[PDB]
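One chain comes next, on its own, written out as structure tokens in the form deposited in one PDB entry.
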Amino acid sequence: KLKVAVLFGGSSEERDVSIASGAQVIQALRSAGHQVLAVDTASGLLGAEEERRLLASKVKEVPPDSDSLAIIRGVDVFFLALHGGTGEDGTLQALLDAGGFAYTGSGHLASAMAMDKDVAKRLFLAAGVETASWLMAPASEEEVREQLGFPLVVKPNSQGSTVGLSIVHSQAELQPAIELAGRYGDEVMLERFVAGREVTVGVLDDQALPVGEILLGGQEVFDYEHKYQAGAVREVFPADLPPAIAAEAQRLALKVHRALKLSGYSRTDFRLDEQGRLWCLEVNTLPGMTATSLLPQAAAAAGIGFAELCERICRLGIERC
């Protein structure tokens, strides 16, 4: 049995998602007989009552934002149940490196690269993984019409949970979308919109897990509400895909994981067009672990229960560090 500190919370716009991931991981690791310290990185160690309260606090319909978030802003292994910001972009990983601490997920370079959607997409192309055309703001509206056209997606280069993201259907929607994305980070991506199906591939310990599909119905994007509200969307693992397409999504996800030098586990997101082509959006080094999240379902479809998933992640981190 291990002594695990589960770090969660943080000060990114994914703080509420992180609280929920942390609460599931804490409960699972305790159920497997480990000693677990619950650490909200915004405040410190929690006692049993505060910790029972956080296990009951479900993600809300909008992310923490504006003034509310501004106000907030012997262990064998640190389980990083953070998402976004310094917890995911390599900053915390470097700090733990410097202190000689073992932790879960990817190292500091890998985490920084995966968080920079632009850089990651250059690396996807270098690894033979197809990805949609993109520009970084500022781009003249002339350059946008010339290279991407509409519809397109505007998104922060380094968010999660669909924070700051808009579909832009015409020139008049473009500036407001860029302004919105710029409230959530310093770089902003404009990316060709890929119509089609929403697919995702988890990786654990350099093996692909069963592909999952998110059934969006009429929605163009998979948004914060549908990601985290129980029952909001049907998510199917293994996805109802032709075997060759599912195999190709798994092959591509492992190529991405290796190209970015990731460790432990990851989750890669794709859009699948009606012509059968997969377009890689991004990869996540600290994917969500909430009760609605995608990676636990991929693991369960592989025959890996949630406590075992958490334990295996811990051991992979110890082995790496």
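The first residue of the sequence shown is number 1, and the count goes up from there. Rigid core (definition): largest C-alpha set, two forms, superposition within 1.5 Å.
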item	value
Deposited residues lacking coordinates between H169 and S170 (none, 1 to 3, 4 to 9, 10 or more)	none
Mean temperature factor over C-alpha atoms, higher-scoring stretch between 55-63 and 266-274	55-63
Entry-level comparison of average CA B-factors, 256-264 and 33-41, reporting the higher stretch	33-41
Candidate residues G90, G185, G105, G84, the one whose C-alpha B factor the record puts highest	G185
Residue with highest C-alpha B-factor in the PDB entry, from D223, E173, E179, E130	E173
For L46, the third of its chain into which the C-alpha B factor falls	highest
For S140, the third of its chain into which the C-alpha B factor falls	highest
Third of chain Cα B-factors occupied by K121	lowest
Among modelled residues of the same chain, the CA temperature factor third for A302	highest
Chain-relative CA temperature factor third for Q24	middle
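A second form of this protein, the form deposited in another entry, is not displayed here; the remarks below concern that form.
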property: Conformational change between the shown form and the other one, one of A259, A291, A32, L37, C-alpha moving 2 Å or more after core fit; result: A291
property: Did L92 shift 2 Å or more between the shown form and the other one, C-alpha, core superposed; result: no
property: Core-aligned C-alpha movement of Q159 between the shown form and the other one reaching 2 Å; result: yes
property: Rigid core fit then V199 CA moved by 2 Å or more between the shown form and the other one; result: no
property: In that other deposited form, whether the C-alpha atoms of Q219 and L241 sit closer or farther than here (change of 3 Å or more); result: closer
property: In that other deposited form, whether the C-alpha atoms of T292 and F306 sit closer or farther than here (change of 3 Å or more); result: closer
